[PDB]
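Only one chain is shown below, in structure tokens, and it's the form deposited in one PDB entry.
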């Protein structure tokens, strides 16, 4: 009896994907979920993960490769690798040279999710929902406190977003940028932030319990769809702000000590099927990395410029870089100050 252990982000697969794979292959899948790159990286660095497949963001995988925690993918066992978009492969290869270890799964941006009606009520019809000003100017966040604010519990993403907003290199190597301006601004915003969390904000936006969030694009579009299906009158939207935003590429990778390698390759080749992954995108509102799948994706998802953004918006996106120990120290120390402010 073959088994397969998979660790993926929460809210990142269609409801029937695993069952359909089990039915086709006779493999039993053990599926577990996380909402933090830090949790996954900690598990990878502390010992065996016990998983056959894990799904880091590519910028985290970039440094994880150098610790030897992954084994290279046997492309001879991934015949339809060909379906993957070559331009996305090239971007991911900046993190994973020659695409040896990582299979691109989904990608999106770190932007602003918000309740349309509540934000306009508080900040007026002309609320700047196209700008990080909406949530990174203290005067606006003090007012939005009235209906609830959440930030992601994602330190590398939040500091890069703040640095970009301040006109600094999103990947600044100047320690003073973190300890000075970035911390100063975050500590001014902190009293108005209800919580730091990277998954509770989906249902809280959908149900009207918060009105604005730093969020991952497809998560917010899921919240919007859950609100529509509830017929609760909640109108949620998402913005890639005008100052730019961070892009991420989530990738499947195989732990070096994976027990069930043959089954893992079966699952990866299953995900490379254009109809399988288009069906996932249809349900999670994330762009997949599979060029053959794009026309199969629902018009609702494929034509949303907050999911598949056009070239002029993609040109404004930035990605995370590896930092040295000093910046890791000052960034992490500053993050701890902010979450307890």
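Residue numbers count along the first chain shown, from 1.
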Of 313-321 and 18-26, the stretch whose C-alpha atoms average the higher B-factor in the entry: 18-26
Comparing 226-234 with 131-139, the one whose average Cα B-factor in the PDB entry is higher: 226-234
Which of 247, 253, 112, 116 ranks first by CA B-factor in the deposited coordinates: 116
Given 199, 171, 161, 76, the residue at which the Cα B factor reaches its maximum: 76
Third of the chain's Cα B-factor distribution that residue 153 belongs to, per the entry: lowest
Chain-relative CA temperature factor third for residue 303: highest
CA B-factor ranking of residue 291, expressed as a third of its chain: highest
Chain-wide C-alpha B factor ranking for residue 273, given as lowest, middle or highest third: highest
Position of residue 187 among the chain's modelled residues by C-alpha B-factor, lowest, middle or highest third: highest
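Note that the form deposited in another entry isn't included here; everything after this is about it.
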At the hinge of two rigid parts that rotate between the shown form and the other one, the residue from 135, 108, 205, 281: 108
Closer or farther in the other form: C-alpha pair residue 35, residue 182 (3 angstroms or more): farther
Comparison of CA distance in the other form with shown form for residue 220, residue 12, at least 3 Å: farther
